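1. sharing the initial chains of the complex here, in place:
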Amino acid sequence: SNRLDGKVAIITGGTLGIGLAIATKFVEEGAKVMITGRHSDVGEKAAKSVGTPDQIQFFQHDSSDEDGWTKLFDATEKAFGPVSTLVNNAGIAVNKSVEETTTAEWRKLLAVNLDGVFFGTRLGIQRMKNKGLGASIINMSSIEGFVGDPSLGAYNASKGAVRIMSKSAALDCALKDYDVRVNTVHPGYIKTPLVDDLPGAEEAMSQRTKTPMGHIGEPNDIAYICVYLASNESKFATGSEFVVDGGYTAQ
Amino acid sequence: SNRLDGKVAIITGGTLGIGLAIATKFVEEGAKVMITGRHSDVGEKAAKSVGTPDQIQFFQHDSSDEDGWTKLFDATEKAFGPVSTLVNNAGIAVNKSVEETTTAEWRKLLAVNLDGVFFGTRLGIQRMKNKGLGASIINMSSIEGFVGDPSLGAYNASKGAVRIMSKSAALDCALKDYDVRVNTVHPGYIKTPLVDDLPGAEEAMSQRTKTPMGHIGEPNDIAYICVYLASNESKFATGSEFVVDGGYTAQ
């Protein structure tokens, strides 16, 4: 409680699944939150389900939209004050090998998963540096930033890019005394309403050869490690990878 | 607050520096703690400085002493109840290259840093498995588990051994549904009264070529990530490495 007192957070893809859980715990801990998403009717209902407009609001945004990132920071500023916290959580996945990826699939996945993260990090540094905010940029990666999957080629590429680009930004902010930290969070398989919509998916994911615990995780498993990284508890952590994956990458 | 409600923790080397901070935060969050150390007068005073005997007690133990590990678990059991949490934090360091390490230095450093951790992990699994405790074994490693240091040969070996042996134990517990998690924590350079006792040490450690933040950390920086791993917030994390190092291993 009150672990995120005074923080102002943006969370991209914050209307569903992982990102909505992070938003929920960020509010329980005293943060003010702006969540983004592509659809207004889902996003306004999501934001109302968590709290009141003095706590959490919704902004319609495609994270691949460069100019929209500026509007998003302005609106959060106008609504809640200077932003201290950015969680680049919006992503999309394509189920193709490298061999079978079309160039339109490639470009479309990188625009969201890699350009978007770049645009959010670049603008985050510019807007949060040198303000005594205890600023933190949590860049959502995944186990596929560590290990390959034969059927997630373009995804593997985007999550490996975000893993190492985040270490570049972390160093620059640390060396220039910007008072910004940058870290990546790497979920394993997490249960979400989307997974529930794929018969047998969670079953395949829960096999011991994939997830040693024999089950998959839940959205709050990721929300709790983002709380830690958003708060001043983690003021000495930057450039690091935080894995919550049920044992996946240990074997 | 109350993030560690009901937990029973042992912390080795818990009378000083990092381990005493972990003990302190473990008590603030509702855990019952037994700290160990080699000297009674320091350990009884340390334990009294944190709280009352219903909260925290001291047990005299050298972590390289196999038979003493049994006494330690029994006494914690008798005092506080079944143990749910073990932090293998006791260690010693030798400032020698591999070339200049004597065999007595080698054996003496491995008895504490590697045998001790083994004895604590082995007995932890045996005593905590299959009890619905939400058991967690936090094995203290360090950045020297990732990267070499020309003047910490035997240390590098012990912290690399603990890094990978902890992943073995994590898998076995996960696959056998033991309800035990095992993880490693890797501090960078941390300020402790011992460091303060070395003129110019912290100065050398704080140089940007070592620690990009330009400063070193503090004991609570490690206590907060142990709280996270001791609690049920991290129930989906096992076999993973958690680095709090100011950027050291990012460059």
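-> Received the coordinates, thanks. Numbers count the residues shown, from 1 in each chain, chains lettered A, B, ... in the order given.

2. what about the closest residue to chain B within the stretch 51-200 of chain A, helix or strand, and which?
-> When scored by Cβ to the nearest Cβ, the stretch 51-200 of chain A has residue A:174 as its residue closest to chain B, at 3.9 Å. All C-beta atoms are positioned from the backbone trio N, CA, C, and that covers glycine. Using DSSP states H and E, residue A:174 sits within helix A:153-175.

3. same question for residue A:47.
-> helix A:40-50.

4. show residues contacting that helix.
-> A:14-16, A:20, A:23-24, A:27, A:33, A:35-37, A:53, A:56-60 (Cβ atoms under 8 Å, 6 or more residues apart in numbering or on different chains).

5. before we move on, the earlier item: relative to the following helix or strand past the helix holding residue A:174, what are the paired strands and their orientations?
-> Using DSSP H and E, the helix or strand that follows helix A:153-175 in sequence is strand A:180-187. Strand A:180-187 has its sheet partners listed here by DSSP bridges as strand A:135-140 (parallel), strand A:241-244 (parallel).

6. just put those in CSV and tack on mean neighbour count.
-> Shown next, in CSV, are the strands paired with strand A:180-187 (neighbours: other Cβ atoms under 10 Å in any protein chain shown):
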stretch, mean neighbour count
strand A:135-140, 27
strand A:241-244, 24
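
7. compare those and report which one is nearest to residue A:80.
-> Residue A:80 lies closest, by Cβ to Cβ, to one member of these: strand A:135-140, at 14.3 Å.

8. another chain to add, chain C:
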Amino acid sequence: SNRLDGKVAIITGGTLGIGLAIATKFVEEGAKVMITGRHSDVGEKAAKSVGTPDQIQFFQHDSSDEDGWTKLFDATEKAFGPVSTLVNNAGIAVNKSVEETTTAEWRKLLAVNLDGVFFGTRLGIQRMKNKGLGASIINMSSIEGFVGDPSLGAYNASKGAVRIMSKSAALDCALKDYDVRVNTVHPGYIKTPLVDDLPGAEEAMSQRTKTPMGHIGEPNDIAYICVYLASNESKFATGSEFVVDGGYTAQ
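-> Placing chain C onto the earlier chains gives this:
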């Protein structure tokens, strides 16, 4: 000698520095080589300096040009036979932090360093699979695929993407018994005529805090590890990272 007997290799960016050394050793060991580059006068002179047209030829190509990759494989096929070996070595670097990267710099660097590698790998698999060739795709990464550099943001992102996308492709080829291997090579700082053109560069690179050997390497240091990976000596290596960096990433 004759370690690359019968192999047919494409090497992108093969007219200069690292890529020209790889081409040279590939020819000394019995491979037939096609090198690419952006300028005909340099590329025709480079190719003539190594050997005769029955051994090595030049093809004008920008690796970011998708359609040109098809022409390149056809022409190599027509000239030398079925391709067994692809070295995605062409790259460009931008000396900017993430904070100071413009979007045109970002896109331009990713088109060469990441799209290009994708196009070469995707087409390599399609053209080399299932032909008993002992096919090998060596994807040129660098130490910046492992660690961040505060002034190479977009570069770090491209080399982290190539590191993990190569593991995806390696698995798919292995699981489908394609007889293709995919691996990444990670040079540290290497002396090239370009570096010689930056007064004080090599001096800054050779400092012990960067390169522990106190010097930087030479192009042949990378050519010898590509020989190993192009040949059947490495038929059990796939999805792995091979680092030749003077100690850079060890500390």
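
9. what is the subsequent helix or strand relative to the helix holding residue A:47?
-> Reading on from helix A:40-50 to the C-terminus, the next helix or strand found by DSSP H and E is strand A:56-60.

10. buried residues in that following strand?
-> Across strand A:56-60, burial judged by 16 or more other Cβ atoms under 10 Å in any protein chain shown covers A:56, A:57, A:58, A:59.

11. ok, the residues you listed vs residue B:141, which is closest?
-> So of the buried residues of strand A:56-60, ranked by how close each gets to residue B:141 (Cβ to Cβ), first place is residue A:56, at 38.2 Å.

12. now that closest one: closest residue in space that isn't a chain neighbour?
-> The shortest distance from residue A:56 to any non-neighbouring residue, by Cβ to Cβ, 6 or more residues apart in numbering or on different chains, is to residue A:33 (4.4 Å).

13. and that neighbour, how far from chain C?
-> Distance of residue A:33 to chain C, given as Cβ to the nearest Cβ, to the nearest Å: 24 Å.

14. what is whichever strand or helix holds that residue packed up against?
-> For residue A:33, the host element (DSSP H and E) is strand A:32-37. In terms of contacts (3 or more Cβ pairs under 8 Å, 6 or more residues apart in numbering or on different chains; DSSP states H and E), strand A:32-37 is packed against strand A:8-11, helix A:17-28, helix A:40-50, strand A:56-60, helix A:66-80.

15. most tightly surrounded among these?
-> Most buried of the helices and strands packed on strand A:32-37, by mean neighbour count (mean count of other Cβ atoms under 10 Å in any protein chain shown): strand A:8-11, with a mean of 27.

16. okay, chain D goes in next:
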Amino acid sequence: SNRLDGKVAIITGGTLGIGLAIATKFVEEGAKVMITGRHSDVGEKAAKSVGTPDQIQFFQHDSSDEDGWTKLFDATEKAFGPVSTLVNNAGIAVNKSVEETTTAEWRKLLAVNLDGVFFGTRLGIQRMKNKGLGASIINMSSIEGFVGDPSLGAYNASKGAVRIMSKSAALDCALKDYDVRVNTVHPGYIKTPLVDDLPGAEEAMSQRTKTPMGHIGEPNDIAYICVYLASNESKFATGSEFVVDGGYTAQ
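-> This next block brings in chain D, placed alongside the chains you saw above:
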């Protein structure tokens, strides 16, 4: 051919399997070799099967025997000249979880796999430094230096220790301009007469969930990467990990 001209190599555990293949290729490439082993009748027959006493000889040694390491270097010196190359390849394995490891199993496995490597590396540096030899210490690790196995607890610990202790030694030698390199080699599952002696072993090892290639490797797969590291081709590689594992650690 002649890639190891003038080199003088010791290979521990060099009478069988992996180590005997390394010895064989080291001789084919012009090196003089001393192999060690615990049994004279196997070791003298092995050494005779490779070549004549001017090329390769056998020395009876337990690598856990400190004082014997001195005799071994002296005898190689007397027989072949100053040693340039050490391959710490002798090891033993115990098939137990951390939970089920007895302390005698623990100590016995660490004496060979970790003390032995220490003794060989420490004495190697002392005897090979500053002699213009192009000295190379190849420390045999394995995939279990990267990832855990639920039934190889003490093994995981020894191979993680050797992975990181080798980086310490590599840095010290590089910084002091000793003309010694230190690297680790990490085989995956390799077919040896011992494996052939376990019905169904290779079958279990060759499953795609373990080894993506669907088969295991052969001893020469490790011999060829040791050739590369023993020779001056790799003069810019130190502190690095070289993995030949069929894809095991890529997924």
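
17. returning to what we had before: got the angle for the helix holding residue A:174 vs strand A:180-187?
-> Counting by axes from the mean of the first three to the mean of the last three Cα atoms, to 10 degrees, helix A:153-175 lies at 150 degrees to strand A:180-187.

18. buried residues, helix A:153-175. List them.
-> Neighbour counts over helix A:153-175 (16+ other Cβ under 10 Å) mark A:153-175 as buried.

19. the strand holding residue A:33: partners in the sheet, and parallel or antiparallel?
-> Within its sheet, strand A:32-37 is paired with strand A:8-11 (parallel), strand A:56-60 (parallel), according to DSSP bridges.

20. quick check: which of those strands is nearest to residue A:216?
-> Per Cβ to Cβ, nearest to residue A:216 of the strands paired with strand A:32-37: strand A:8-11, 21.9 Å.

21. contact partners of the closest one?
-> For strand A:8-11, the surrounding residues in contact (Cβ under 8 Å, 6+ apart) are A:19, A:22-23, A:26, A:31-36, A:72-73, A:76, A:80-87, A:89, A:120, A:230.

22. list the residues that contact the residue lying closest to residue A:170 once chain neighbours are set aside.
-> Among residues not flanking residue A:170 along the chain, residue A:239 sits closest, at 3.6 Å (Cβ to Cβ, 6+ apart). Counting by Cβ under 8 Å, 6+ apart, residue A:239 makes contact with A:166-167, A:170-171, A:174, A:182-183, B:212, B:247, B:249-251, C:148.
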